[PDB]
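Structural overview
Spelled out, the chains give:
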Amino acid sequence: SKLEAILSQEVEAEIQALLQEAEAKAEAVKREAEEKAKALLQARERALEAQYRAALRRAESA
Amino acid sequence: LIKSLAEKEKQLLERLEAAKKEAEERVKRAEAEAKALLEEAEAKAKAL
Amino acid sequence: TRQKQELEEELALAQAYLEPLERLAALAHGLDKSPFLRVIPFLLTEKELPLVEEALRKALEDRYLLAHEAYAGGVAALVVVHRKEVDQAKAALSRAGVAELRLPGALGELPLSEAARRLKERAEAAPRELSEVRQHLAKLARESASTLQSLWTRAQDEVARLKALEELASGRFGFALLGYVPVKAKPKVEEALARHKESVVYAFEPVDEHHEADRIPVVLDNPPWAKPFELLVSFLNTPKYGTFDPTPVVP
């Protein structure tokens, strides 16, 4: 029937909105985890490089 | 005609269960991907 | 009498509306309480279904399932579209004349499937309790009525004695009362009042005469050949103790 198909289309629209919101939030989660793997890979690399440099400065001073 | 409404309510509950399992599938693949990224970062950091 | 009278209320409201409710339950077994479309029920009159379905024609005509299938004692006009659509179409149908099944008890306060099951339960249970409560009230009559009306006689005696006890006069060391006794009752009262403490003092006054005599009680005291016409002469009023005894002339 007509309103039968209308209610079925409303259920399909709810499922569509649910899956689109799931895609958006999963993309945001993997994005922020990618930036935290990023910028953490920045911070510890710069810290260890500076530790290596300070060790070389102290060795040549000694 | 009563069986039409019964089958429609049944298959709409089936579609809602399928959408719920799809959302849970999104969540568990995202958790597995975050775990894989943490493992890659830890392995690269240890070798580095 | 709480239980059975409220049982008769529930049984009378059940038996008149078992089959339309079970019919709409078998008709609505694809939507018991589904959260998209209310089921406007109307047990209505004979074949004037287009007059109430004009509101559904004003509603969705290629949709919005509304009809009356069977049980032609009252046409079960069910309407089902949506929430607000069925509400507004029910308002228009009530403007054309319609009413929803909102009754007391459990049928018009719950969903129709389980309420029809509860009505089947009460229809299959209640005459057994009808018979058993009649049997227990019969037993309660046959082995309680004697002692309860005996204590009723006792209670009427006690209430009569205490309400007549205020017709006395006393202060602090004694009372006095006055009464009227017919003259053929003097030995019975005399032997009854001979029992008490030191045969406490009676005054058997010959009554004051016809002057200032309206408060005197009256009896008839006729010989037993003329006795049974006292009711036939006492449909009317009573004499004044000094008016002639009218009763022998009617025999």
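The record lists cryo-EM as the method behind this PDB entry and 3.25 Å as its resolution.

**Remarks on the overall build of chain A**
Broken down by element type, chain A carries 2 helices and 0 strands. For 62 residues, the compact-globule formula gives about 11 Å, and the C-alpha radius of gyration of chain A, at 27 Å, lies well above that figure. Along the three orthogonal principal directions, the C-alpha set of chain A runs to about 90 × 5 × 5 Å. Accessible area of chain A: about 5,200 Å², with a carbon and sulfur share of 55%. Across chain A, 11 positive and 13 negative side-chain charges occur, with their mean positions spaced 14 Å apart.

**Some thoughts on the overall build of chain B**
What chain B contains, in helices and strands, is 1 helix and 0 strands. Its C-alpha atoms put chain B at 70 × 5 × 5 Å along the principal axes. Classification of the 48 residues of chain B by burial places 10% in the buried group. For chain B, the accessible area works out to roughly 3,900 Å², and carbon and sulfur atoms hold 61% of it.

**A word on the packing of helix 2 (residues 19-27) of chain C against helix 5 (residues 112-142) of chain C**
Residues and elements named next belong to chain C. Axis separation between helix 2 and helix 5 bottoms out at 9 Å; the angle between their running directions is 140°. As summarised for this structure, helix 2 and helix 5 are arranged oblique, according to the angle between their axes. When you trace helix 2 past helix 5, the crossing you get is left-handed. Listed contacts from helix 5 to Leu21, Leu24 and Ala25 of helix 2 are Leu112, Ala116 and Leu119. Class assignment of the residues belonging to the contact of helix 2 with helix 5 gives a composition of 6 nonpolar, no polar and no charged.

**Quick notes on the interface of chain B and chain A**
Of the residues lining the interface, 12 residues belong to chain B; the matching set on chain A comes to 12 residues. Of the residues in the side of chain B that touches chain A, the class split is 6 nonpolar, no polar and 6 charged.

**What to know about helix 4 (residues 84-95) of chain C**
Helix length check: helix 4 of chain C (12 residues) gives 16 Å between terminal C-alpha atoms against 16 Å at 1.5 Å per residue, within 8%. Once helix 4 of chain C ends, the next one or two residues include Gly97(C), with phi positive near 105°.

**Observations concerning the packing of aromatic side chains**
Taking the centre distance of 4.3 Å and the plane angle of 35° together, the rings of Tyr202(C) and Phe204(C) count as tilted. Above the plane of the ring of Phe204(C) lies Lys186(C), whose end atom (NZ or CZ) is 3.5 Å from the centre.

**Side note on the packing of helix 1 (residues 2-37) of chain A against helix 1 (residues 2-47) of chain B**
At a minimum axis separation of 10 Å, helix 1 of chain A and helix 1 of chain B run at an interaxial angle of 5°. Here helix 1 of chain B runs roughly parallel to helix 1 of chain A, going by the angle between their axes. When helix 1 of chain A is examined against helix 1 of chain B, the residues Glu4(A), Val11(A), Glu12(A), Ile15(A), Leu18(A), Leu19(A), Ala22(A), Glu23(A) and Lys30(A) are found in contact with a partner set consisting of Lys8(B), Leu12(B), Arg15(B), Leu16(B), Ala19(B), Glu22(B), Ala23(B), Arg26(B) and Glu33(B). Its residues assigned to classes, the contact of helix 1 of chain A with helix 1 of chain B comprises 9 nonpolar, no polar and 9 charged.

**As for the environment of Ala25(C)**
All names here are of chain C. Tracing the sequence through the fold places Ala25 in helix 2. With 89 residues separating them along the chain, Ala25 and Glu114 place their C-alpha atoms 9.1 Å apart. The contact partners of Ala25, leaving out residues within four places of it in the chain, are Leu112 and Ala116.

About the criteria used
- A chain's residues are numbered here from 1, following its sequence as written, a convention that may not match the entry; residues for which no coordinates exist are omitted.
- Chains and ligands are labelled sequentially in the order written, the chains with letters from A and the ligands with numbers from 1.
- Here the displayed chains are drawn from a larger assembly, and the quantities reported describe the displayed chains exclusively.
- Where side-chain values are given, they derive from all heavy atoms of the structure, hydrogens and water being excluded.
- Residues with missing side-chain atoms are left out of burial classes, side-chain pairs and their counts.
- Working definition: helices are DSSP H or I runs of at least four residues, strands are E runs of at least two. Numbering for both runs from the N terminus.
- Using C-alpha atoms as the atom set, the radius of gyration is obtained and then compared with a globule rule of 2.2 Å times the number of residues to the power 0.38.
- What sets the accessible areas is the Shrake-Rupley method with a 1.4 Å probe; for residues, cover comes only from the shown protein chains.
- The charge count treats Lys and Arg as positive and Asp and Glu as negative. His and the chain ends do not count.
- To locate a charge, take atom NZ for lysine, CZ for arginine, CG for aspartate or CD for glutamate.
- Classification of residues uses two cut-offs on accessible area relative to the type maximum, computed with a 1.4 Å probe and protein chains only: under 20% is buried, over 50% is exposed, and between them is partly exposed.
- Throughout, an axis means a line fitted to C-alpha atoms (over the contacting stretch in the case of helices), and angles, computed between N-to-C directions, take values from 0 to 180 degrees.
- Roughly parallel here means an angle under 35 degrees, roughly antiparallel means over 145, roughly perpendicular means 65 to 115, and every remaining angle is called oblique.
- By the definition used in this description, the sense in which the near helix is turned from the far one sets the handedness, with an anticlockwise turn below a right angle giving left-handed and a clockwise turn giving right-handed.
- Here, two residues are considered to be in contact whenever any of their heavy atoms come within 4.5 Å of each other.
- Amino acids are sorted into nonpolar (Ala, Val, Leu, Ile, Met, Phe, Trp, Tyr, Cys and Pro), charged (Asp, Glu, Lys and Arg) and polar (every other residue, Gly among them).
- To estimate the expected span of a helix, count its residues, drop one, and scale the result by 1.5 Å.
- Think of it this way: a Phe, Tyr or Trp ring, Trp meaning its six-membered ring, pairs with another when their centres are within 6.5 Å, and the plane angle makes it stacked under 30 degrees, edge-to-face over 60, tilted otherwise.
- Working rule: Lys NZ or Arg CZ, within 6 Å of ring centre, within 35 degrees of ring normal, means a charge sits over the ring.

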